[PDB]
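Engineer: One file: protein05.cif (mmCIF, N, CA and C atoms).
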```cif
data_final
loop_
_atom_site.group_PDB
_atom_site.id
_atom_site.type_symbol
_atom_site.label_atom_id
_atom_site.label_comp_id
_atom_site.auth_asym_id
_atom_site.auth_seq_id
_atom_site.Cartn_x
_atom_site.Cartn_y
_atom_site.Cartn_z
ATOM 1 N N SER A 11 -61.198 176.739 16.629
ATOM 2 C CA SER A 11 -60.390 176.261 17.736
ATOM 3 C C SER A 11 -59.794 174.902 17.441
ATOM 4 N N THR A 12 -58.534 174.880 17.023
ATOM 5 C CA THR A 12 -57.844 173.620 16.807
ATOM 6 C C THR A 12 -57.790 172.850 18.110
ATOM 7 N N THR A 13 -58.204 171.597 18.073
ATOM 8 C CA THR A 13 -58.169 170.779 19.268
ATOM 9 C C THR A 13 -57.534 169.450 18.921
ATOM 10 N N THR A 14 -57.541 168.508 19.851
ATOM 11 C CA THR A 14 -57.035 167.188 19.524
ATOM 12 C C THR A 14 -57.950 166.437 18.570
ATOM 13 N N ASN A 15 -59.097 167.007 18.203
ATOM 14 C CA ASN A 15 -59.934 166.382 17.184
ATOM 15 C C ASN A 15 -59.338 166.588 15.801
ATOM 16 N N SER A 16 -58.683 167.728 15.586
ATOM 17 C CA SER A 16 -58.035 167.965 14.303
ATOM 18 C C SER A 16 -56.782 167.111 14.160
ATOM 19 N N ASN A 17 -55.881 167.193 15.132
ATOM 20 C CA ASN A 17 -54.644 166.423 15.092
ATOM 21 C C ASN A 17 -54.940 164.942 14.891
ATOM 22 N N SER A 18 -54.087 164.268 14.122
ATOM 23 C CA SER A 18 -54.234 162.846 13.838
ATOM 24 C C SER A 18 -52.977 162.115 14.282
ATOM 25 N N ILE A 19 -53.165 161.028 15.026
ATOM 26 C CA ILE A 19 -52.077 160.360 15.732
ATOM 27 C C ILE A 19 -51.390 159.372 14.803
ATOM 28 N N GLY A 20 -50.076 159.532 14.637
ATOM 29 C CA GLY A 20 -49.360 158.723 13.664
ATOM 30 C C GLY A 20 -49.227 157.264 14.057
ATOM 31 N N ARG A 21 -48.604 157.006 15.196
ATOM 32 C CA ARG A 21 -48.362 155.649 15.665
ATOM 33 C C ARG A 21 -48.563 155.629 17.165
ATOM 34 N N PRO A 22 -48.775 154.478 17.734
ATOM 35 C CA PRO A 22 -48.690 154.363 19.188
ATOM 36 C C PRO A 22 -47.263 154.249 19.681
ATOM 37 N N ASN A 23 -46.987 154.725 20.883
ATOM 38 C CA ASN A 23 -45.726 154.376 21.509
ATOM 39 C C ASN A 23 -45.800 152.929 21.949
ATOM 40 N N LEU A 24 -44.739 152.171 21.688
ATOM 41 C CA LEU A 24 -44.811 150.732 21.916
ATOM 42 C C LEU A 24 -44.924 150.390 23.394
ATOM 43 N N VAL A 25 -44.391 151.232 24.275
ATOM 44 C CA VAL A 25 -44.498 151.015 25.714
ATOM 45 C C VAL A 25 -43.961 149.627 26.049
ATOM 46 N N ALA A 26 -44.820 148.698 26.460
ATOM 47 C CA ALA A 26 -44.368 147.446 27.048
ATOM 48 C C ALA A 26 -44.816 146.236 26.249
ATOM 49 N N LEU A 27 -43.922 145.256 26.143
ATOM 50 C CA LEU A 27 -44.190 143.970 25.508
ATOM 51 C C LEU A 27 -44.336 142.935 26.609
ATOM 52 N N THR A 28 -45.198 141.947 26.407
ATOM 53 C CA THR A 28 -45.368 140.866 27.373
ATOM 54 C C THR A 28 -45.495 139.543 26.640
ATOM 55 N N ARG A 29 -44.610 138.605 26.946
ATOM 56 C CA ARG A 29 -44.774 137.217 26.551
ATOM 57 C C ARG A 29 -45.003 136.410 27.817
ATOM 58 N N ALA A 30 -46.077 135.638 27.844
ATOM 59 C CA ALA A 30 -46.451 134.907 29.040
ATOM 60 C C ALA A 30 -45.822 133.528 28.991
ATOM 61 N N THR A 31 -44.932 133.250 29.937
ATOM 62 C CA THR A 31 -44.317 131.938 30.047
ATOM 63 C C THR A 31 -44.240 131.544 31.512
ATOM 64 N N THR A 32 -44.538 130.279 31.793
ATOM 65 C CA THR A 32 -44.455 129.779 33.157
ATOM 66 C C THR A 32 -43.047 129.886 33.702
ATOM 67 N N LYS A 33 -42.945 130.189 34.994
ATOM 68 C CA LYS A 33 -41.741 129.818 35.717
ATOM 69 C C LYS A 33 -41.601 128.325 35.511
ATOM 70 N N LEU A 34 -40.497 127.889 34.935
ATOM 71 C CA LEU A 34 -40.368 126.504 34.514
ATOM 72 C C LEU A 34 -39.472 125.783 35.504
ATOM 73 N N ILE A 35 -40.016 124.754 36.133
ATOM 74 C CA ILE A 35 -39.198 123.922 36.989
ATOM 75 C C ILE A 35 -39.108 122.509 36.435
ATOM 76 N N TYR A 36 -38.129 122.265 35.580
ATOM 77 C CA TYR A 36 -37.516 120.964 35.477
ATOM 78 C C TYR A 36 -36.096 120.959 35.988
ATOM 79 N N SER A 37 -35.545 122.118 36.330
ATOM 80 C CA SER A 37 -34.147 122.166 36.727
ATOM 81 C C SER A 37 -33.988 121.789 38.185
ATOM 82 N N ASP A 38 -34.872 122.297 39.036
ATOM 83 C CA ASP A 38 -34.749 122.056 40.465
ATOM 84 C C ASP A 38 -35.336 120.703 40.851
ATOM 85 N N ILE A 39 -36.341 120.249 40.105
ATOM 86 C CA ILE A 39 -37.174 119.141 40.562
ATOM 87 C C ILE A 39 -36.499 117.796 40.354
ATOM 88 N N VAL A 40 -35.662 117.666 39.333
ATOM 89 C CA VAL A 40 -35.199 116.357 38.897
ATOM 90 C C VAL A 40 -33.682 116.328 38.857
ATOM 91 N N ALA A 41 -33.115 115.156 39.105
ATOM 92 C CA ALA A 41 -31.670 115.012 39.122
ATOM 93 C C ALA A 41 -31.167 114.661 37.734
ATOM 94 N N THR A 42 -30.354 115.543 37.161
ATOM 95 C CA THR A 42 -29.999 115.482 35.753
ATOM 96 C C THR A 42 -28.506 115.277 35.582
ATOM 97 N N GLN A 43 -28.141 114.255 34.820
ATOM 98 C CA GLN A 43 -26.767 114.055 34.387
ATOM 99 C C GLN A 43 -26.796 113.623 32.935
ATOM 100 N N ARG A 44 -26.108 114.358 32.076
ATOM 101 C CA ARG A 44 -26.204 114.117 30.645
ATOM 102 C C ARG A 44 -25.674 112.734 30.295
ATOM 103 N N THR A 45 -26.193 112.169 29.210
ATOM 104 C CA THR A 45 -25.845 110.825 28.765
ATOM 105 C C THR A 45 -25.038 110.934 27.482
ATOM 106 N N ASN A 46 -23.947 110.173 27.387
ATOM 107 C CA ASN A 46 -23.110 110.270 26.198
ATOM 108 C C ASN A 46 -23.451 109.190 25.184
ATOM 109 N N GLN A 47 -24.460 108.376 25.464
ATOM 110 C CA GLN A 47 -24.896 107.328 24.559
ATOM 111 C C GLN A 47 -26.405 107.159 24.608
ATOM 112 N N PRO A 48 -27.015 106.731 23.501
ATOM 113 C CA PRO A 48 -28.479 106.778 23.391
ATOM 114 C C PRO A 48 -29.222 105.999 24.447
ATOM 115 N N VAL A 49 -28.553 105.137 25.194
ATOM 116 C CA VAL A 49 -29.194 104.392 26.266
ATOM 117 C C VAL A 49 -28.459 104.750 27.544
ATOM 118 N N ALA A 50 -29.195 104.955 28.629
ATOM 119 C CA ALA A 50 -28.590 105.392 29.875
ATOM 120 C C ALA A 50 -28.880 104.389 30.974
ATOM 121 N N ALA A 51 -27.841 103.793 31.544
ATOM 122 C CA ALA A 51 -28.037 102.752 32.543
ATOM 123 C C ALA A 51 -27.614 103.260 33.902
ATOM 124 N N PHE A 52 -28.585 103.536 34.752
ATOM 125 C CA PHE A 52 -28.333 103.879 36.139
ATOM 126 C C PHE A 52 -28.122 102.573 36.867
ATOM 127 N N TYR A 53 -26.964 102.378 37.462
ATOM 128 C CA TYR A 53 -26.935 101.331 38.459
ATOM 129 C C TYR A 53 -27.718 101.770 39.667
ATOM 130 N N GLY A 54 -28.083 100.802 40.474
ATOM 131 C CA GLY A 54 -28.356 101.074 41.855
ATOM 132 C C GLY A 54 -27.922 99.818 42.548
ATOM 133 N N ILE A 55 -27.398 99.978 43.745
ATOM 134 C CA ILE A 55 -26.573 98.969 44.376
ATOM 135 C C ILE A 55 -27.036 98.840 45.808
ATOM 136 N N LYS A 56 -27.562 97.681 46.140
ATOM 137 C CA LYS A 56 -28.307 97.502 47.366
ATOM 138 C C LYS A 56 -27.485 96.691 48.347
ATOM 139 N N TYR A 57 -27.415 97.167 49.581
ATOM 140 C CA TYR A 57 -26.720 96.463 50.644
ATOM 141 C C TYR A 57 -27.738 95.628 51.400
ATOM 142 N N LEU A 58 -27.634 94.316 51.267
ATOM 143 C CA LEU A 58 -28.653 93.406 51.739
ATOM 144 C C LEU A 58 -28.273 92.834 53.101
ATOM 145 N N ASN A 59 -29.163 92.025 53.639
ATOM 146 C CA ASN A 59 -28.927 91.177 54.794
ATOM 147 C C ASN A 59 -28.546 89.803 54.272
ATOM 148 N N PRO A 60 -28.363 88.797 55.126
ATOM 149 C CA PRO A 60 -28.474 87.422 54.633
ATOM 150 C C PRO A 60 -29.893 87.046 54.243
ATOM 151 N N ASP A 61 -30.892 87.837 54.632
ATOM 152 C CA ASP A 61 -32.274 87.627 54.229
ATOM 153 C C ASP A 61 -32.679 88.420 52.998
ATOM 154 N N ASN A 62 -31.748 89.109 52.352
ATOM 155 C CA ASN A 62 -31.906 89.763 51.061
ATOM 156 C C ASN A 62 -32.716 91.045 51.123
ATOM 157 N N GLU A 63 -33.345 91.378 52.236
ATOM 158 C CA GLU A 63 -33.940 92.698 52.344
ATOM 159 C C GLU A 63 -32.839 93.720 52.574
ATOM 160 N N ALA B 66 -20.406 84.712 51.141
ATOM 161 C CA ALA B 66 -20.523 83.650 50.151
ATOM 162 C C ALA B 66 -21.374 84.113 48.983
ATOM 163 N N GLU B 67 -20.767 84.858 48.065
ATOM 164 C CA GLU B 67 -21.523 85.581 47.059
ATOM 165 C C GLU B 67 -21.054 85.232 45.657
ATOM 166 N N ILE B 68 -22.018 85.029 44.767
ATOM 167 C CA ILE B 68 -21.800 84.469 43.441
ATOM 168 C C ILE B 68 -21.707 85.599 42.426
ATOM 169 N N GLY B 69 -20.721 85.514 41.534
ATOM 170 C CA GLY B 69 -20.615 86.481 40.458
ATOM 171 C C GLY B 69 -21.361 86.067 39.219
ATOM 172 N N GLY B 70 -21.586 84.773 39.051
ATOM 173 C CA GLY B 70 -22.465 84.296 38.008
ATOM 174 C C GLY B 70 -21.925 84.508 36.615
ATOM 175 N N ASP B 71 -22.627 83.959 35.639
ATOM 176 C CA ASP B 71 -22.327 84.184 34.245
ATOM 177 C C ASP B 71 -23.599 84.585 33.530
ATOM 178 N N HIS B 72 -23.430 85.226 32.388
ATOM 179 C CA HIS B 72 -24.560 85.369 31.498
ATOM 180 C C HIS B 72 -24.973 83.990 31.027
ATOM 181 N N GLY B 73 -26.214 83.872 30.600
ATOM 182 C CA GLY B 73 -26.611 82.552 30.168
ATOM 183 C C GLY B 73 -25.836 82.018 28.988
ATOM 184 N N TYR B 74 -24.950 82.831 28.410
ATOM 185 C CA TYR B 74 -24.320 82.645 27.109
ATOM 186 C C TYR B 74 -25.327 82.838 25.997
ATOM 187 N N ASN B 75 -26.598 83.025 26.327
ATOM 188 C CA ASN B 75 -27.571 83.487 25.359
ATOM 189 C C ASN B 75 -27.151 84.867 24.879
ATOM 190 N N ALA B 76 -27.080 85.047 23.561
ATOM 191 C CA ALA B 76 -26.667 86.335 23.024
ATOM 192 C C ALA B 76 -27.609 87.455 23.419
ATOM 193 N N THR B 77 -28.803 87.124 23.904
ATOM 194 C CA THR B 77 -29.737 88.143 24.360
ATOM 195 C C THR B 77 -29.336 88.680 25.725
ATOM 196 N N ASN B 78 -28.996 87.790 26.660
ATOM 197 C CA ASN B 78 -28.560 88.237 27.974
ATOM 198 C C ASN B 78 -27.262 89.013 27.883
ATOM 199 N N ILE B 79 -26.267 88.457 27.193
ATOM 200 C CA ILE B 79 -24.932 89.034 27.250
ATOM 201 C C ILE B 79 -24.953 90.479 26.782
ATOM 202 N N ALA B 80 -25.853 90.816 25.863
ATOM 203 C CA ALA B 80 -25.912 92.181 25.358
ATOM 204 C C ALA B 80 -26.666 93.106 26.294
ATOM 205 N N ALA B 81 -27.644 92.589 27.031
ATOM 206 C CA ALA B 81 -28.333 93.412 28.012
ATOM 207 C C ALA B 81 -27.536 93.540 29.299
ATOM 208 N N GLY B 82 -26.705 92.556 29.606
ATOM 209 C CA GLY B 82 -25.972 92.532 30.846
ATOM 210 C C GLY B 82 -26.593 91.675 31.920
ATOM 211 N N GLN B 83 -27.743 91.062 31.649
ATOM 212 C CA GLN B 83 -28.366 90.146 32.592
ATOM 213 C C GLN B 83 -27.361 89.104 33.054
ATOM 214 N N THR B 84 -27.361 88.824 34.351
ATOM 215 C CA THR B 84 -26.378 87.918 34.922
ATOM 216 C C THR B 84 -27.006 87.132 36.059
ATOM 217 N N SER B 85 -26.733 85.829 36.097
ATOM 218 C CA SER B 85 -27.249 85.006 37.181
ATOM 219 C C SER B 85 -26.656 85.389 38.530
ATOM 220 N N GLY B 86 -25.545 86.104 38.546
ATOM 221 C CA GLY B 86 -24.809 86.374 39.762
ATOM 222 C C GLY B 86 -25.275 87.606 40.499
ATOM 223 N N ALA B 87 -24.346 88.220 41.225
ATOM 224 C CA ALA B 87 -24.676 89.392 42.019
ATOM 225 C C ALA B 87 -24.709 90.666 41.191
ATOM 226 N N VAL B 88 -23.958 90.728 40.099
ATOM 227 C CA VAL B 88 -23.697 91.979 39.399
ATOM 228 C C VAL B 88 -24.159 91.856 37.959
ATOM 229 N N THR B 89 -24.852 92.877 37.464
ATOM 230 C CA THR B 89 -25.184 92.984 36.048
ATOM 231 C C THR B 89 -24.297 94.045 35.420
ATOM 232 N N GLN B 90 -23.385 93.622 34.552
ATOM 233 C CA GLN B 90 -22.452 94.557 33.954
ATOM 234 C C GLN B 90 -23.204 95.572 33.106
ATOM 235 N N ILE B 91 -22.576 96.730 32.902
ATOM 236 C CA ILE B 91 -23.182 97.747 32.051
ATOM 237 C C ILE B 91 -23.494 97.169 30.686
ATOM 238 N N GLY B 92 -22.564 96.421 30.125
ATOM 239 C CA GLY B 92 -22.773 95.848 28.825
ATOM 240 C C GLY B 92 -21.548 95.158 28.290
ATOM 241 N N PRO B 93 -21.562 94.882 27.017
ATOM 242 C CA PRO B 93 -20.513 94.048 26.436
ATOM 243 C C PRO B 93 -19.276 94.783 25.948
ATOM 244 N N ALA B 94 -18.741 95.718 26.712
ATOM 245 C CA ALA B 94 -17.569 96.495 26.297
ATOM 246 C C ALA B 94 -17.783 96.994 24.864
ATOM 247 N N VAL B 95 -16.704 97.121 24.095
ATOM 248 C CA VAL B 95 -16.713 97.099 22.631
ATOM 249 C C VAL B 95 -15.363 96.578 22.184
ATOM 250 N N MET B 96 -15.351 95.706 21.191
ATOM 251 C CA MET B 96 -14.084 95.291 20.619
ATOM 252 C C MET B 96 -13.765 95.989 19.312
ATOM 253 N N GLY B 97 -14.624 96.879 18.845
ATOM 254 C CA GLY B 97 -14.372 97.625 17.630
ATOM 255 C C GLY B 97 -15.265 97.170 16.494
ATOM 256 N N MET B 98 -15.293 97.985 15.451
ATOM 257 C CA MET B 98 -16.205 97.759 14.346
ATOM 258 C C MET B 98 -15.475 97.093 13.197
ATOM 259 N N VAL B 99 -16.153 96.150 12.557
ATOM 260 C CA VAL B 99 -15.636 95.452 11.393
ATOM 261 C C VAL B 99 -16.437 95.938 10.203
ATOM 262 N N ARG B 100 -15.826 96.747 9.359
ATOM 263 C CA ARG B 100 -16.508 97.170 8.153
ATOM 264 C C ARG B 100 -16.252 96.148 7.055
ATOM 265 N N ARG B 101 -16.910 96.332 5.924
ATOM 266 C CA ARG B 101 -16.705 95.479 4.767
ATOM 267 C C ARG B 101 -15.791 96.184 3.779
ATOM 268 N N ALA B 102 -14.856 95.437 3.206
ATOM 269 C CA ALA B 102 -13.822 96.053 2.391
ATOM 270 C C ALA B 102 -14.404 96.603 1.101
ATOM 271 N N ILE B 103 -13.854 97.722 0.646
ATOM 272 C CA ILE B 103 -14.279 98.341 -0.604
ATOM 273 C C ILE B 103 -13.600 97.639 -1.772
ATOM 274 N N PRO B 104 -14.341 96.934 -2.620
ATOM 275 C CA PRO B 104 -13.704 96.178 -3.698
ATOM 276 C C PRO B 104 -13.071 97.100 -4.721
ATOM 277 N N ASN B 105 -12.168 96.525 -5.505
ATOM 278 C CA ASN B 105 -11.230 97.294 -6.305
ATOM 279 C C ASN B 105 -11.716 97.519 -7.725
ATOM 280 N N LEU B 106 -11.353 98.674 -8.259
ATOM 281 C CA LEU B 106 -11.579 98.987 -9.651
ATOM 282 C C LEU B 106 -10.543 98.285 -10.523
ATOM 283 N N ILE B 107 -10.894 98.091 -11.792
ATOM 284 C CA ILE B 107 -10.033 97.419 -12.758
ATOM 285 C C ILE B 107 -9.287 98.494 -13.540
ATOM 286 N N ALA B 108 -9.508 99.734 -13.127
ATOM 287 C CA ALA B 108 -9.177 100.980 -13.808
ATOM 288 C C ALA B 108 -9.653 101.013 -15.251
ATOM 289 N N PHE B 109 -9.113 101.929 -16.046
ATOM 290 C CA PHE B 109 -9.626 102.137 -17.389
ATOM 291 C C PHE B 109 -8.647 101.917 -18.529
ATOM 292 N N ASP B 110 -7.420 101.473 -18.270
ATOM 293 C CA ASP B 110 -6.506 101.230 -19.378
ATOM 294 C C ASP B 110 -7.097 100.257 -20.391
ATOM 295 N N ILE B 111 -7.963 99.346 -19.945
ATOM 296 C CA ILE B 111 -8.527 98.341 -20.834
ATOM 297 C C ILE B 111 -9.352 98.939 -21.960
ATOM 298 N N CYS B 112 -9.822 100.170 -21.817
ATOM 299 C CA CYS B 112 -10.668 100.767 -22.838
ATOM 300 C C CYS B 112 -10.316 102.233 -22.989
ATOM 301 N N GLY B 113 -10.196 102.688 -24.230
ATOM 302 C CA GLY B 113 -9.862 104.069 -24.496
ATOM 303 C C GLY B 113 -10.760 105.008 -23.736
ATOM 304 N N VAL B 114 -10.211 106.093 -23.200
ATOM 305 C CA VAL B 114 -10.990 106.932 -22.307
ATOM 306 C C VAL B 114 -11.557 108.130 -23.054
ATOM 307 N N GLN B 115 -10.715 109.073 -23.429
ATOM 308 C CA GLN B 115 -11.217 110.299 -24.042
ATOM 309 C C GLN B 115 -12.201 111.027 -23.141
ATOM 310 N N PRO B 116 -11.751 111.658 -22.060
ATOM 311 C CA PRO B 116 -12.662 112.500 -21.281
ATOM 312 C C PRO B 116 -13.387 113.477 -22.189
#
```
Turn the structure described in the file into structure tokens.

Structural biologist:
Amino acid sequence: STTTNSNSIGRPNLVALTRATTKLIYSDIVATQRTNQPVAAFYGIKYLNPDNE
Amino acid sequence: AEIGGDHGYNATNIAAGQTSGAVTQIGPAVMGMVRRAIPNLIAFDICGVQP
């Protein structure tokens, strides 16, 4: 009685591949504007009182 | 009554943009690059060549 014990399996079917990578949030979290020079100078400009606060 | 100030004239401040006044400029513009001239060959007529 030939059964699946006689038959020999050549290869597995590849089915599914999985690479585990985080949902990556640097895009939503931080305010990004590319810099065209190796040093990046953000101004910030403060509207004061006569008391400087 | 607001002061625009000057850099200290210290070459360290002027390049960073530090200013005694209200505003710190981004930096010292650029006036362009000064390279050093490539000195000249005397060519080879002075001595037989024969490649």

Engineer: Which residues fall under the PyMOL selection byres ((chain B and resi 84-101) around 8) in this file, as a PDB file with N, CA and C atoms, in the coordinates of the input?

Structural biologist:
```pdb
ATOM      1  N   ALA A  51     -27.841 103.793  31.544  1.00  0.00           N
ATOM      2  CA  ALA A  51     -28.037 102.752  32.543  1.00  0.00           C
ATOM      3  C   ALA A  51     -27.614 103.260  33.902  1.00  0.00           C
TER       4      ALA A  51
ATOM      5  N   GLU B  67     -20.767  84.858  48.065  1.00  0.00           N
ATOM      6  CA  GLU B  67     -21.523  85.581  47.059  1.00  0.00           C
ATOM      7  C   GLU B  67     -21.054  85.232  45.657  1.00  0.00           C
ATOM      8  N   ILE B  68     -22.018  85.029  44.767  1.00  0.00           N
ATOM      9  CA  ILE B  68     -21.800  84.469  43.441  1.00  0.00           C
ATOM     10  C   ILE B  68     -21.707  85.599  42.426  1.00  0.00           C
ATOM     11  N   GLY B  69     -20.721  85.514  41.534  1.00  0.00           N
ATOM     12  CA  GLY B  69     -20.615  86.481  40.458  1.00  0.00           C
ATOM     13  C   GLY B  69     -21.361  86.067  39.219  1.00  0.00           C
ATOM     14  N   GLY B  70     -21.586  84.773  39.051  1.00  0.00           N
ATOM     15  CA  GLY B  70     -22.465  84.296  38.008  1.00  0.00           C
ATOM     16  C   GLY B  70     -21.925  84.508  36.615  1.00  0.00           C
ATOM     17  N   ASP B  71     -22.627  83.959  35.639  1.00  0.00           N
ATOM     18  CA  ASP B  71     -22.327  84.184  34.245  1.00  0.00           C
ATOM     19  C   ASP B  71     -23.599  84.585  33.530  1.00  0.00           C
ATOM     20  N   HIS B  72     -23.430  85.226  32.388  1.00  0.00           N
ATOM     21  CA  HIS B  72     -24.560  85.369  31.498  1.00  0.00           C
ATOM     22  C   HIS B  72     -24.973  83.990  31.027  1.00  0.00           C
ATOM     23  N   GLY B  73     -26.214  83.872  30.600  1.00  0.00           N
ATOM     24  CA  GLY B  73     -26.611  82.552  30.168  1.00  0.00           C
ATOM     25  C   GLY B  73     -25.836  82.018  28.988  1.00  0.00           C
ATOM     26  N   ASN B  78     -28.996  87.790  26.660  1.00  0.00           N
ATOM     27  CA  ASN B  78     -28.560  88.237  27.974  1.00  0.00           C
ATOM     28  C   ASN B  78     -27.262  89.013  27.883  1.00  0.00           C
ATOM     29  N   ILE B  79     -26.267  88.457  27.193  1.00  0.00           N
ATOM     30  CA  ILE B  79     -24.932  89.034  27.250  1.00  0.00           C
ATOM     31  C   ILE B  79     -24.953  90.479  26.782  1.00  0.00           C
ATOM     32  N   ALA B  80     -25.853  90.816  25.863  1.00  0.00           N
ATOM     33  CA  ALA B  80     -25.912  92.181  25.358  1.00  0.00           C
ATOM     34  C   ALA B  80     -26.666  93.106  26.294  1.00  0.00           C
ATOM     35  N   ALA B  81     -27.644  92.589  27.031  1.00  0.00           N
ATOM     36  CA  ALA B  81     -28.333  93.412  28.012  1.00  0.00           C
ATOM     37  C   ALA B  81     -27.536  93.540  29.299  1.00  0.00           C
ATOM     38  N   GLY B  82     -26.705  92.556  29.606  1.00  0.00           N
ATOM     39  CA  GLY B  82     -25.972  92.532  30.846  1.00  0.00           C
ATOM     40  C   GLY B  82     -26.593  91.675  31.920  1.00  0.00           C
ATOM     41  N   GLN B  83     -27.743  91.062  31.649  1.00  0.00           N
ATOM     42  CA  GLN B  83     -28.366  90.146  32.592  1.00  0.00           C
ATOM     43  C   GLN B  83     -27.361  89.104  33.054  1.00  0.00           C
ATOM     44  N   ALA B 102     -14.856  95.437   3.206  1.00  0.00           N
ATOM     45  CA  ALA B 102     -13.822  96.053   2.391  1.00  0.00           C
ATOM     46  C   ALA B 102     -14.404  96.603   1.101  1.00  0.00           C
ATOM     47  N   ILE B 103     -13.854  97.722   0.646  1.00  0.00           N
ATOM     48  CA  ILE B 103     -14.279  98.341  -0.604  1.00  0.00           C
ATOM     49  C   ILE B 103     -13.600  97.639  -1.772  1.00  0.00           C
ATOM     50  N   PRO B 104     -14.341  96.934  -2.620  1.00  0.00           N
ATOM     51  CA  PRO B 104     -13.704  96.178  -3.698  1.00  0.00           C
ATOM     52  C   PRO B 104     -13.071  97.100  -4.721  1.00  0.00           C
TER      53      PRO B 104
END
```

Engineer: So how many Å separate atom CA of residue A:40 and atom CA of residue A:56, to one decimal?

Structural biologist: 21.8 Å

Engineer: Evaluate the PyMOL selection byres ((chain A and name CA) within 10 of (chain B and name CA)) and record the selected residues as a PyMOL selection string, following the chain and residue labels used in the document.

Structural biologist: chain A and resi 50-53+55+60

Engineer: What separation in Å, quoted to one decimal, exists between atom CA of residue A:47 and atom CA of residue A:35?

Structural biologist: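 So the two atoms, atom CA of residue A:47 and atom CA of residue A:35, lie 25.2 Å apart.
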
Engineer: Taking the backbone alone, and naming residues the way the document does, which bits of chain B are helix (DSSP H, G or I) by DSSP, as a ChimeraX atom specification?

Structural biologist: /B:76-81

Engineer: How many Å lie between atom C of residue A:57 and atom N of residue A:41, rounded to one decimal?

Structural biologist: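 These two atoms are separated by 23.7 Å.
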